[PDB]
Structure formats: C-alpha cells, structure tokens
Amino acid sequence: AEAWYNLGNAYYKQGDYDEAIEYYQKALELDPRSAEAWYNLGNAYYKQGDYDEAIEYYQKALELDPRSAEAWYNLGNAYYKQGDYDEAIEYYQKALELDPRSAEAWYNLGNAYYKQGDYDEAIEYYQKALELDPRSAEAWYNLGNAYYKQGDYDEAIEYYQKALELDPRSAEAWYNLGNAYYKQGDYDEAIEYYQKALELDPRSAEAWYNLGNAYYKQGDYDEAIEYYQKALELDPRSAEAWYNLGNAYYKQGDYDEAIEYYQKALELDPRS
C-alpha cells in the first residue's frame, strides 16, 4: 500500500497526474481505510481540472478524518473552481474553525465573497488575512480591487500603493492604480500609471485603450488617436476601439474619418 502510494506521489511530483491516479487506486485497493490516499487522489483530479471528482475523493477523505484543516480547505478550493461560491464559503469556514491562524483560508474566503459581489465581506476577510501576513502583495492588491468595486477610489489607491511597495514589477497593480485615478477624474495621474504599466507589458491592448481614453478625456484627440491605433494593431476585432477612434475624429471636426471608423465598428457590431 505504502509503496504504491509513494509511487503515486513520485508521479504526482513530476506532473504525471494520470499515472499518479493509477498507483493511488492500487494503494486504495490494498488499504481503503487510508484518508491520505483518498486525499491525494483528490489532489490528482484537482490538478487535471476534474473538480467534480476531486470533491468526491475529498469528501471520502473527510469521512475517514473530519479534523483535517487542509482537506476542508481543498474541498472549498474545488467548489470555488467549479463556481459554487456558497459551498466554497461553508468549507473555508470549516477549515478556519480547525485552524483560524491560516492567512490562506481568510484570503480565499475573501475571494469567494468578492466573486459573489459581497465587497464589504471580502474586505473584512482580506483585512484579517493581512493581520496574519502584512507582506502579501496579492492580498493588498485584492483589498484594493474590493474598495475599487464598491467605489472607494481613495482607499483602493492606498491599498494598490501598498501592493506596489511589495512588488513594483507588477503591470496590473500599476494599471489598476491608473483606473482608480481615471474614475476620480484625475487623467494626468491615470496617464502616468498606464504608461508605467505599458513599460512593463507593452502588448496589453486594454492599457493602450485606457491610455487613449485618458487623453480623450483631457481633450488631446491627436494623442488619443495614436493610442487607439496602437490598441487596434493588437486587437483589430474590438468594435469599442474603432468606435472611440470615430469619436476622437468627430471631436477634431474630421467627419469623413469619423464616418469610416463608425462604419467599421458597426460591421463588428450592427446591433449597437
């Protein structure tokens, strides 16, 4: 049993999930009262993207040991990846009852609430996560996103700044700080933060798009036009870019070009 099991673990650790499953089953054929085998079968299925099966195997493991914090956590994670945020929350709580010192369960409970649109629950659980790990870039980042989503652009900015203080090479943190400034009506800052994002990933269409929109909003239609073109040469299928380019030409008084760019947008969305 033990040797079929460590053979399974060997295949698992080198990423061969199908072989790992073969040997974990052999282990269970000899010792089916073993919660670790059931659990690791779960993990194997989880890693293949088979979340229905991971759940079956994790629940089995939990019958044979309902005191494993890690198995409740992984069951929550399986539900979360299926899109069942309610069951996720139930199992994450269960994990937290057995180990409330775990930043990762708090964080993931935050995320489950975020995905339901319960932004202030998200915030409470992310704040808890951060009591227990003040050096988690991603958790300041997601705390920022929660404040952003409920319209607290000031708190969002405070938290995105914390995230950048821990990982300055993160294009998305820069980009989202841009968006926060954008939404406050501060287009000068939006532009500085979007340009930084673009230095770090120059093939993001949406960032060229939003950079175009920031210039558009200041009234610099020439500069807006250069950045909408940059966006279109990465995604020529986006009707919103064609449209916004139409508008920039319209605002300049170039009604010929507006006509052309609006006709393109409408070939790509005739119902809009």
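Residue numbers run from 1 along the displayed sequence.
Chemist: Could you check the entry and say whether 127-135 or 101-109 has the higher mean CA B-factor?
Modeler: Averaged over C-alpha atoms, the B-factors run higher in 127-135.
Chemist: If you average the CA temperature factors as listed in the entry, which stretch comes out higher, 228-236 or 209-217?
Modeler: According to the PDB entry, the answer is 228-236.
Chemist: If you rank every modelled residue in this chain by C-alpha B factor, which third holds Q48: lowest, middle or highest?
Modeler: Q48: CA B-factor falls in the middle third of its chain.
Chemist: When the deposited Cα B-factors of this chain's modelled residues are ordered and cut into thirds, is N176 in the lowest, the middle or the highest one?
Modeler: It belongs to the lowest third of the chain when residues are ordered by C-alpha B-factor.
Chemist: Against its chain's modelled residues, does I157's Cα B factor rank lowest, middle or highest third?
Modeler: Its C-alpha B-factor, which the entry lists for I157, ranks in the middle third among residues of this chain.
Chemist: Taking only the Cα B-factors deposited for this chain, tell me whether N145 sits in the lowest, middle or highest third.
Modeler: Lowest third, going by the recorded CA B-factors of the chain.
Chemist: Would the CA B-factor of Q59 place it in the lowest, middle or highest third of its chain?
Modeler: Ranked within chain, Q59 CA B lands in the middle tercile.
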